[PDB]
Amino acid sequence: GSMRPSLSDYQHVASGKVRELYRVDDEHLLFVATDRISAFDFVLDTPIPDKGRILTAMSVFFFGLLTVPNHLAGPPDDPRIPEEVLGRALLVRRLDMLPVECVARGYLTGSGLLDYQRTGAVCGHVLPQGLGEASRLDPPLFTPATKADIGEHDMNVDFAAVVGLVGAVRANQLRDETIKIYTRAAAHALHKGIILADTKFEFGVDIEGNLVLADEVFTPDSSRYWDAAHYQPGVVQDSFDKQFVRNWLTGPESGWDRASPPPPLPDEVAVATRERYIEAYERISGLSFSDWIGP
């Protein structure tokens, strides 16, 4: 119950599209989720109320589910967390981050599908003929990418590229852990009626050289969430979380031409989206979001 510090007491160190990172001390960071939401590669003007809190709750749930070491350095109510960001910020260990976007795909969609349609391959994996949109990939594929321009899409790379980034043995480890963790999480979600079609992890290494899962894990921003009840290979699957937002923006009311920066969302669309996040979280975790901490 020690008096919580102000966020202004920490040094702001980086800023992403919907996340923020603060230095707490030499060895610790504060990892903050905002209520911002992105669609069609735009951060939208309208925040989704409680999104940050809900996605934080989701990450914490999955870190608990998985056996691999992770960057969490205290509980979700740790006194080092400012009141202002309570429930949407975690106290974490500083790590030497490995510059590889560790992506697993259990299903063929997005840039993976496009690469396959162009080349017959994805990230060095030569796939069977006859696959298409939302085809199941079994075993799941390790489809690493690297971050690029401020700017552009992530660049899909092959295993050799990853070896050149982190070392042969470490690259093998990245591959193995990514597939293992995705496979476990995917089966868990599916059992609850939610497909995790793919996911992106970042790992770092601690002072001793151990691999440590960082960043956020298995959120609908880092993973494609689909409703299993409606899964049909061969057609584009709806985003579990973002479909109401997408339909509104590209629909009759928005007055926005997606083929040529989107307008604000109706409040009713934002509240409905908040409800979809809570549904995803509760169904997957078996927990109640009402028990999740807040200011």
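Basically, rigid core = biggest C-alpha set you can superpose within 1.5 Å across the two forms. Each residue number is its position in the shown sequence, starting from 1.
Asker: After fitting on the rigid core, which stretch moves more in 8 other deposited structures of this protein, 147-155 or 70-78, going by C-alpha RMS?
Answerer: Once the core is superposed, the stretch further away in 8 other deposited structures of this protein is 147-155.
Asker: Looking at the deposited sequence, how many residues between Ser260 and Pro261 were given no coordinates in the entry: none, 1 to 3, 4 to 9, or 10 or more?
Answerer: Gap between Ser260 and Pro261: 1 to 3 residues without coordinates.
Asker: May I ask you to compare 236-244 and 41-49 by their mean CA B factor in the entry and name the higher one?
Answerer: Comparing averages over the C-alpha atoms only gives 41-49.
Asker: Identify the stretch, either 143-151 or 168-176, whose C-alpha atoms have the larger mean B-factor according to the entry.
Answerer: Per the PDB entry, the higher value belongs to 143-151.
Asker: Looking at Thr219, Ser135, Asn210, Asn156, which has the biggest Cα B factor in the entry?
Answerer: The listed residue with the largest C-alpha B-factor is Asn210.
Asker: Taking the entry's C-alpha B-factors for this chain, is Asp206 in the lowest, middle or highest third?
Answerer: Its C-alpha B-factor, which the entry lists for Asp206, ranks in the highest third among residues of this chain.
Asker: Quick one: classify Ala57 as lowest, middle or highest third of the chain based on its Cα B-factor.
Answerer: It belongs to the lowest third of the chain when residues are ordered by C-alpha B-factor.
Asker: Could you tell me which third, lowest, middle or highest, the C-alpha B-factor of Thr119 occupies within its chain?
Answerer: Answer is middle: the recorded C-alpha B-factor places it there.
Asker: Relative to the other modelled residues of the same chain, rank the CA B-factor of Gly87 and answer lowest, middle or highest third.
Answerer: According to the entry, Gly87 has a C-alpha B-factor in the chain's middle third.
Asker: How does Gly112 rank on Cα B-factor within its chain, lowest, middle or highest third?
Answerer: It belongs to the lowest third of the chain when residues are ordered by C-alpha B-factor.
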